[PDB]
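Virtual Cβ from ideal backbone geometry, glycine too; neighbours counted across all protein chains shown. Please treat every number below as a calculation from the coordinates, not as lab data.
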Amino acid sequence: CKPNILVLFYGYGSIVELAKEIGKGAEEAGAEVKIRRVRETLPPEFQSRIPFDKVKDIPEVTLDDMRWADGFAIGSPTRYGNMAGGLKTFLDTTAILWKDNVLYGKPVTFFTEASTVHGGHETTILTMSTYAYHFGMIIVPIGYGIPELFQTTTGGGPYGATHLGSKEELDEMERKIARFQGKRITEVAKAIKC
Amino acid sequence: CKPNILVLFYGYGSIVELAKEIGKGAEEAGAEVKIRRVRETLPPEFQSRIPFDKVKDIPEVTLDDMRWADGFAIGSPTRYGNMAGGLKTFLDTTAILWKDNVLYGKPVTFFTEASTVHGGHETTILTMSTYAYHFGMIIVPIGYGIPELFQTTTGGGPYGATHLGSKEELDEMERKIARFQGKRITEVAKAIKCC
Amino acid sequence: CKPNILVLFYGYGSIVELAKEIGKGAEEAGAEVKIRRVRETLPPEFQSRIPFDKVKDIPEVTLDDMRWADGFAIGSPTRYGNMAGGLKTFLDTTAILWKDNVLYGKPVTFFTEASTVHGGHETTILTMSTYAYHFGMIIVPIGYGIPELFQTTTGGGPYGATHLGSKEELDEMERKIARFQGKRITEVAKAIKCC
Amino acid sequence: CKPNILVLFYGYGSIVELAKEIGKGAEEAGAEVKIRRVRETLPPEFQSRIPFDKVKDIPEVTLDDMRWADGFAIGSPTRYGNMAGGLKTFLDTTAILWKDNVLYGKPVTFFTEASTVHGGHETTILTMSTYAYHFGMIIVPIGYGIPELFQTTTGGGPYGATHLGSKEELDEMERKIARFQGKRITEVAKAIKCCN
């Protein structure tokens, strides 16, 4: 008995390394992992500078990936305390999955990142989590499971793994915390499944 | 000295009527009112079953409408406790206005709608309010100003004007609350501007 | 094996009947249930209109009751979008349990009530949930499991079971939704403990 | 015309110094400032290690203080994403002010404190703000008014002034941000009161 973890994310920066690090932790805990991204929604003018080169290997998410999953790791870089327009759009397309209660009972964990110290590390996850209540999905926080969560001065908190700053490079603390989120969501996904 | 009020919304159903009632209530309070909508962002395979005819007279919003406004009435029907992808994507494009503090200090009020009694009437507004914090915009709730806010059994509350049901038409008490929200945003925007 | 379910609540009104109905539903799902209340924190001159004559058979909560439980049903009447001062003060005493990670991993479901239609049926649960993030407790919503959650126009919703009005008597919809929340928390608690 | 600013807070540590700085910034903006704290609600057992002597100069808040004020700076150290039980209990006693619409239309700003880097610096403010919706009070965020709000690596942010760590002493960045919040609430307070 092995859970299917879907690591879903919007973004092209440090959120990509966060998604891969979560999936790494989920694999080491013993789970089938699929890392998927959402379609871009910003008008054409914004899309010219978007670095698709570092995400060309990561496939676009289908609704079949949602059905395939026993557990979810949904993420987005903060956009003023909320998830990005890209991810929100895709979550709006899951209306058929809602009418049929496909995702009901399945666990979900949330991850984000912000440029400044307190610019959407906690609130973004709390606002994202409203989605879980409507779908009947159990929210899985990481809390203070590993010592690194007490010790971190950069990214990551009880609400979920994060990244501090604009650059795409995760430090040691942020990597340990992200992998732990992979573990925690696997453990709960295994409990509900098996 | 009269303030400009922008009523900005996503949607096609009952949300349009709420927008117009917020607009009307703001004109009665003596404000220059523009009702604008956002660019649709859903994949074309999910618009079916999306009527663009109800929004023919309502033109798309521009970024100059944002600096024009002295107050805001940002709205969206609920999409599982959050604003819709359409509104969220537009608010992402306001990153141009962010760094140079264009919207700083300007009032904002929020409104939504939900088909079920407790399925996004409150939380959608609280999750929408985060935007105001990052931009330095002051949040204007309705509270319990008019007696209709205690009396309402269908749509409307202290957080903002709502509509109950999956239908288009909105009832008497729902209409009055929306006007009061338009009044409230006008009163606060005038206070900040004319000071 | 059967899970231990603690139904913890502040209140004296209809939140008591909601607490009992959740406990009733939890034990039908096959759980060991203890219903407890929290100590009052209000200054004495505000305890005037409080009827202690109705919550005399429900014992105060201890910190080892928290240790006893495999799952939780935490509830409070809305106090302006947040929980009541009594429940909040109790949760502040659980600092030692946080430090030692006693409640880590345990499921938790939230419930509330409000006298007015959109006066804290959704937001109160959302603000209560932050507690669970800091403790690493998995949050259990009810969503739209039973068809009663679509059909209800009074109390109860996806965020948790609620009551509309000031009176104590719950209606048929509200009682079924509260019973379902007890069933849900039990199902999740059984999965984490035994499975 | 001069606005009255009430700085209301729970706590005994670095939250107190945050309250004084917001008071100072409001005074420099040109307002009468009353700094008040709330009654303790924690049971005797959990009052073993509390320095009351740090707050003995600051009087307890009364319901008259809420009527007096034209603007509010309400704060509390984070208690698992929410305000402390002491502040929550006092706010529950303001039920008469709610029924009389005393605070309706008045501006309110929020501030908090957390030991860990993302352990309630911004959610505490978002949770506290629900109070303002029910009372019809208008919320005043600080956003990114001063350049220090971009720069800070310790405490402070768009949601409100904060302190990072279990230390009591605030660093330079934090005092600048706290004083700014006091300036920010005063500006809105006199705009609502005086202008019309």
Scanning the stretch B:45-64 residue by residue, those within 14 Å of another protein chain (Cβ to nearest Cβ), loosely packed, with under 12 Cβ neighbours inside 10 Å and either among the aliphatic types (A, V, I, L, M) or under 20 Å from A:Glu45 (Cβ atoms) (or both) turn out to be B:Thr62
Problem - D:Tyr159 being within 23 Å of C:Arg79 (Cβ to Cβ), free of Cβ contacts under 8 Å to residues at least 60 places away in the same chain and assigned to a loop (DSSP other than H, G, I, E, B) - result: yes
Counting only residues in the stretch A:102-141 that are part of a loop (DSSP other than H, G, I, E, B), over 22 Å from A:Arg79 (Cβ atoms) and β-branched (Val, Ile, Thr), the one nearest to the chain's Cα centre (by Cα) is identified as A:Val140
Note on A:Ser166: of the conditions (1) small (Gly, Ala, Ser); (2) buried (at least 22 other Cβ atoms within 10 Å of the Cβ); (3) more than 10 Å from chain C (Cβ to nearest Cβ), unmet is (2)
Reported set for the stretch C:95-118 where residues are closer than 27 Å to C:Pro158 by Cβ, more than 7 Å from every other protein chain (Cβ to nearest Cβ) and surrounded by fewer than 24 Cβ atoms within 10 Å (Cβ to Cβ) is C:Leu103, C:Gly105, C:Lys106, C:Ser115
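On the given criteria, is D:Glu28 part of a helix (DSSP H, G or I), in contact (Cβ under 8 Å) with a residue 24 or more places away in the chain and either closer than 27 Å to D:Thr123 by Cα or polar (S, T, N, Q) (or both)? Reasoning before the result, please.
Details: part of a helix (DSSP H, G or I): yes; in contact (Cβ under 8 Å) with a residue 24 or more places away in the chain: yes; either closer than 27 Å to D:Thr123 by Cα or polar (S, T, N, Q) (or both): no.
Criteria not met by D:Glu28.
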Of the residues in the stretch D:18-44 that are of a type outside the set (A, V, I, L, M) and more than 17 Å from D:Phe72 (Cα to Cα), the one that is surrounded by the fewest Cβ atoms within 10 Å (Cβ to Cβ) is D:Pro44
Per the filter on the stretch A:152-162, residues touching a strand residue (DSSP E or B) at 6+ places or on another chain (Cβ under 8 Å) and surrounded by fewer than 24 Cβ atoms within 10 Å (Cβ to Cβ) are A:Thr154
Apart from one, (1) crowded, with 24+ Cβ neighbours inside 10 Å; (2) touching a helix residue (DSSP H, G or I) at 6+ places or on another chain (Cβ under 8 Å) all hold for A:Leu149; the odd one out is (1)
Only one of D:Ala69, D:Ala114, D:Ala132 is within 23 Å of B:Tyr159 (Cβ to Cβ) and more than 7 Å from chain C (Cβ to nearest Cβ), namely D:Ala132
- [ ] Test B:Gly75 against the stated conditions and say whether it is within 30 Å of D:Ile146 (Cα to Cα) and small (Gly, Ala, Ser).
- [x] yes
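So how many residues does the stretch B:75-89 have that are at the interface with another protein chain (Cβ under 7 Å from one of its Cβ atoms) and either among the aromatic types (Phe, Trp, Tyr) or under 12 Å from the mean Cα position of the chain (by Cα) (or both)? So that I can check it myself, show each step before the final result.
Taking the stretch B:75-89 as the starting set, the residues that turn out to be at the interface with another protein chain (Cβ under 7 Å from one of its Cβ atoms) are B:79-82, B:84-85, B:88-89.
With either among the aromatic types (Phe, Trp, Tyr) or under 12 Å from the mean Cα position of the chain (by Cα) (or both) added as a condition, the list becomes B:80.
Number of matching residues: 1.
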Pairs returned, first residue in the stretch B:119-137 that is at the interface with chain D (Cβ under 8 Å from one of its Cβ atoms) and surrounded by fewer than 24 Cβ atoms within 10 Å (Cβ to Cβ), second residue that is in a loop (DSSP other than H, G, I, E, B) and β-branched (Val, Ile, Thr), beta-carbon separation under 7 angstrom, 6 or more apart or interchain, are B:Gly136/D:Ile142
Going through (1) farther than 16 Å from C:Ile15 by Cα; (2) outside any helix (DSSP H, G or I) one by one, C:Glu168 fails only at (1)
Selection over the stretch A:3-25 where residues are of a type in the set (A, V, I, L, M) and in a strand (DSSP E or B) yields a count of 4
Quick one: is C:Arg67 within 11 Å of chain D (Cβ to nearest Cβ) and surrounded by fewer than 18 Cβ atoms within 10 Å (Cβ to Cβ)?
-> no
